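Comments concern the structure below.
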Amino acid sequence: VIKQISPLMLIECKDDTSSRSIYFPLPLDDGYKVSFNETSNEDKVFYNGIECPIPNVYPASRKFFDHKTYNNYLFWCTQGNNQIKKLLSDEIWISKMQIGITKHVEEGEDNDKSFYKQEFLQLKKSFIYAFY
RNA sequence: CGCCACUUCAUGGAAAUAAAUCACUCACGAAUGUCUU
């Protein structure tokens with residue numbers, strides 16, 4: 001009976017529980033302009049041997065792509081009635097590392113080798129998962 | 001030469017002062033760094 005499942009969504013539920021904000025990962029090109037100048041014979045990238053035009057990139061605010069300041073991969077985004085709201089992944093997900101062992105019950109087992117660390121994630125109080 | 005006793009019974013000063021006030025050592029050691037379905 002299952003026919004169609006939507007991609008899992010990150011939904012924010014506010015105190016005024018009448019509207020929900022859907023959060024998406026920030027596009028990797030956000031805040032930057034990519035042109036691909038086509039004057040030809042200028043410069044061609046070879047991605048593992050395939051022809052491709054050169055990706056001229058500028059911030060949408062010139063200078064070039066400074067990968068020392070590139071941080072779009074750390075941000076999640078949602079629609080606002082203005083610009084795009086950027087939320088850090090830190091502010092959404094809380095992470096803790098848990099140490100675990102199996103208590104050595106003697107008269108048996110070669111299991112001193114039971115020793116591990118696990119990562120557990122907690123969602124912020126206003127954030128839930130959803131899909132259709 | 002004889003005769004004969006009274007008076008006085010602790011005041012002042014010092015009443016604690018300096019030195020050391022914790023020292024050295026150990027401040028985590030060994031096992032497990034994944035295992036069984």
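Letters for chains follow the order of the structure tokens (A, B, ...), residue numbers begin at 1 for each chain, and ligand numbers begin at 1 in the order shown.
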List every residue of chain A that has an atom at most 7 Å from any atom of chain B, and for each one report the closest atom pair and its distance in Å to one decimal, counting only C-alpha atoms (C1' of nucleotides), with rows sorted by chain and then by increasing residue number, as JSON lines.
```
{"residue": "A:111", "atom": "CA", "partner": "B:35", "partner_atom": "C1'", "distance": 6.7}
{"residue": "A:112", "atom": "CA", "partner": "B:32", "partner_atom": "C1'", "distance": 5.0}
{"residue": "A:113", "atom": "CA", "partner": "B:32", "partner_atom": "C1'", "distance": 5.1}
{"residue": "A:114", "atom": "CA", "partner": "B:35", "partner_atom": "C1'", "distance": 5.2}
{"residue": "A:115", "atom": "CA", "partner": "B:34", "partner_atom": "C1'", "distance": 5.1}
{"residue": "A:116", "atom": "CA", "partner": "B:34", "partner_atom": "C1'", "distance": 5.4}
```
Find the spatial neighbours of residue 34 (chain A), counting only C-alpha atoms (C1' of nucleotides), within a cut-off of 9 Å - ignore same-chain residues fewer than 5 positions away - and output them as an mmCIF file with N, CA, C and O atoms, in the first residue's frame.
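New file out13.cif:
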```cif
data_model
loop_
_atom_site.group_PDB
_atom_site.id
_atom_site.type_symbol
_atom_site.label_atom_id
_atom_site.label_comp_id
_atom_site.auth_asym_id
_atom_site.auth_seq_id
_atom_site.Cartn_x
_atom_site.Cartn_y
_atom_site.Cartn_z
ATOM 1 N N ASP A 29 26.590 27.084 -3.771
ATOM 2 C CA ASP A 29 26.898 28.280 -4.539
ATOM 3 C C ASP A 29 26.273 29.539 -3.953
ATOM 4 O O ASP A 29 26.372 30.607 -4.565
ATOM 5 N N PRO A 55 35.348 27.988 -14.483
ATOM 6 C CA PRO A 55 34.343 28.556 -13.573
ATOM 7 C C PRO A 55 34.786 29.835 -12.878
ATOM 8 O O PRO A 55 35.264 29.785 -11.741
ATOM 9 N N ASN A 56 34.643 30.983 -13.536
ATOM 10 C CA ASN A 56 34.911 32.253 -12.873
ATOM 11 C C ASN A 56 33.859 32.491 -11.795
ATOM 12 O O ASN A 56 32.655 32.433 -12.069
ATOM 13 N N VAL A 57 34.310 32.752 -10.572
ATOM 14 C CA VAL A 57 33.432 32.860 -9.413
ATOM 15 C C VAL A 57 33.751 34.140 -8.654
ATOM 16 O O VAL A 57 34.922 34.485 -8.461
ATOM 17 N N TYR A 58 32.707 34.849 -8.238
ATOM 18 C CA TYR A 58 32.845 36.056 -7.441
ATOM 19 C C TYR A 58 31.805 36.049 -6.333
ATOM 20 O O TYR A 58 30.701 35.525 -6.519
ATOM 21 N N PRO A 59 32.130 36.614 -5.171
ATOM 22 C CA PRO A 59 31.096 36.839 -4.157
ATOM 23 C C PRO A 59 30.051 37.822 -4.662
ATOM 24 O O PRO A 59 30.361 38.764 -5.395
#
```
Q.
For the structure I just gave you, how does DSSP split region 8-130 of chain A - specifically, which residues are strand (DSSP E)? Reply as a PyMOL selection string.
A. chain A and resi 9-13+20-25+32-34+44-46+51-53+57-59+75-79+84-88+93-101+115-123+127-130
Q: Excluding residue 89 (chain A) and any residue of its chain fewer than 5 positions from it, enumerate the residues within 8 Å of it, using only C-alpha atoms (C1' of nucleotides), and give them as a list in words.
A: residues 74, 75 and 76 of chain A
Q: Please return as an NGL selection string: the residues of chain A that backbone DSSP assigns to alpha helix (DSSP H).
A: :A and (89-92)
Q) Near residue 15 (chain A), counting only C-alpha atoms (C1' of nucleotides), which residues have an atom at most 12 Å away, once you skip same-chain residues fewer than 3 positions from it, shown as a count of residues only? A) 8
Q.
So that I can see what lies close to residue 6 (chain A), please list as a PyMOL selection string the residues with an atom at most 9 Å from it, counting only C-alpha atoms (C1' of nucleotides) and leaving out residues fewer than 3 positions away in the same chain.
A. chain A and resi 9+130-132
Those same residues, written as a PDB file, in the first residue's frame with N, CA and C atoms?
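Final output, saved to result-v4.pdb:
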```pdb
ATOM      1  N   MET A   9      12.196  15.933   5.876  1.00  0.00           N
ATOM      2  CA  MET A   9      12.312  17.374   6.018  1.00  0.00           C
ATOM      3  C   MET A   9      12.629  17.743   7.460  1.00  0.00           C
ATOM      4  N   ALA A 130      10.069  15.378   9.427  1.00  0.00           N
ATOM      5  CA  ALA A 130       8.792  15.175   8.759  1.00  0.00           C
ATOM      6  C   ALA A 130       9.013  14.691   7.334  1.00  0.00           C
ATOM      7  N   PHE A 131       7.995  14.017   6.802  1.00  0.00           N
ATOM      8  CA  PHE A 131       7.964  13.611   5.403  1.00  0.00           C
ATOM      9  C   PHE A 131       6.519  13.315   5.023  1.00  0.00           C
ATOM     10  N   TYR A 132       6.284  13.208   3.718  1.00  0.00           N
ATOM     11  CA  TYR A 132       4.963  12.941   3.167  1.00  0.00           C
ATOM     12  C   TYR A 132       4.890  11.505   2.667  1.00  0.00           C
TER      13      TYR A 132
END
```
Q: Report the distance between CA of residue 122 (chain A) and CA of residue 91 (chain A) in Å, rounded to one decimal place.
A: 10.8 Å
Q. Looking at only C-alpha atoms, which of A:107, A:78, A:69, A:54 is the one that sits closest to residue 36 (chain A)?
A.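 Closest to residue 36 (chain A), using only C-alpha atoms: A:54.
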Which residues come within 12 Å of residue 85 (chain A), counting only C-alpha atoms (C1' of nucleotides), excluding same-chain residues fewer than 3 positions away, as a PDB file with N, CA and C atoms, in the first residue's frame?
```
ATOM      1  N   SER A  21       8.219  26.162   9.627  1.00  0.00           N
ATOM      2  CA  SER A  21       9.330  26.582   8.786  1.00  0.00           C
ATOM      3  C   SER A  21      10.117  25.351   8.356  1.00  0.00           C
ATOM      4  N   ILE A  22      10.275  25.179   7.050  1.00  0.00           N
ATOM      5  CA  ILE A  22      11.003  24.045   6.494  1.00  0.00           C
ATOM      6  C   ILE A  22      12.436  24.475   6.219  1.00  0.00           C
ATOM      7  N   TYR A  23      13.391  23.703   6.728  1.00  0.00           N
ATOM      8  CA  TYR A  23      14.805  24.031   6.629  1.00  0.00           C
ATOM      9  C   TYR A  23      15.485  23.097   5.641  1.00  0.00           C
ATOM     10  N   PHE A  24      16.255  23.676   4.725  1.00  0.00           N
ATOM     11  CA  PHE A  24      16.999  22.954   3.711  1.00  0.00           C
ATOM     12  C   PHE A  24      18.485  23.265   3.841  1.00  0.00           C
ATOM     13  N   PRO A  25      19.359  22.357   3.408  1.00  0.00           N
ATOM     14  CA  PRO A  25      20.792  22.669   3.411  1.00  0.00           C
ATOM     15  C   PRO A  25      21.097  23.836   2.485  1.00  0.00           C
ATOM     16  N   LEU A  26      22.054  24.657   2.891  1.00  0.00           N
ATOM     17  CA  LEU A  26      22.423  25.818   2.095  1.00  0.00           C
ATOM     18  C   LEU A  26      23.054  25.367   0.783  1.00  0.00           C
ATOM     19  N   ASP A  30      25.636  29.442  -2.789  1.00  0.00           N
ATOM     20  CA  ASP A  30      24.927  30.584  -2.230  1.00  0.00           C
ATOM     21  C   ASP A  30      25.895  31.704  -1.870  1.00  0.00           C
ATOM     22  N   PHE A  75      26.029  25.544   6.983  1.00  0.00           N
ATOM     23  CA  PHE A  75      24.805  26.307   7.170  1.00  0.00           C
ATOM     24  C   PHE A  75      23.606  25.564   6.599  1.00  0.00           C
ATOM     25  N   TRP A  76      22.477  25.683   7.290  1.00  0.00           N
ATOM     26  CA  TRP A  76      21.174  25.289   6.779  1.00  0.00           C
ATOM     27  C   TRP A  76      20.327  26.539   6.584  1.00  0.00           C
ATOM     28  N   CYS A  77      19.369  26.462   5.666  1.00  0.00           N
ATOM     29  CA  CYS A  77      18.634  27.641   5.236  1.00  0.00           C
ATOM     30  C   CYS A  77      17.134  27.375   5.239  1.00  0.00           C
ATOM     31  N   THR A  78      16.371  28.460   5.351  1.00  0.00           N
ATOM     32  CA  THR A  78      14.917  28.404   5.309  1.00  0.00           C
ATOM     33  C   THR A  78      14.394  29.696   4.700  1.00  0.00           C
ATOM     34  N   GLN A  79      13.141  29.653   4.256  1.00  0.00           N
ATOM     35  CA  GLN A  79      12.531  30.802   3.604  1.00  0.00           C
ATOM     36  C   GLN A  79      12.093  31.835   4.631  1.00  0.00           C
ATOM     37  N   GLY A  80      12.459  33.090   4.389  1.00  0.00           N
ATOM     38  CA  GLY A  80      11.946  34.201   5.160  1.00  0.00           C
ATOM     39  C   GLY A  80      11.217  35.172   4.257  1.00  0.00           C
ATOM     40  N   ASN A  81      10.401  36.058   4.826  1.00  0.00           N
ATOM     41  CA  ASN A  81       9.703  37.040   4.006  1.00  0.00           C
ATOM     42  C   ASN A  81      10.628  38.209   3.697  1.00  0.00           C
ATOM     43  N   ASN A  82      11.837  37.894   3.227  1.00  0.00           N
ATOM     44  CA  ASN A  82      12.863  38.884   2.926  1.00  0.00           C
ATOM     45  C   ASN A  82      14.038  38.195   2.242  1.00  0.00           C
ATOM     46  N   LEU A  88      23.255  27.748  11.578  1.00  0.00           N
ATOM     47  CA  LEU A  88      24.394  26.851  11.684  1.00  0.00           C
ATOM     48  C   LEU A  88      23.933  25.453  12.077  1.00  0.00           C
TER      49      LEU A  88
END
```
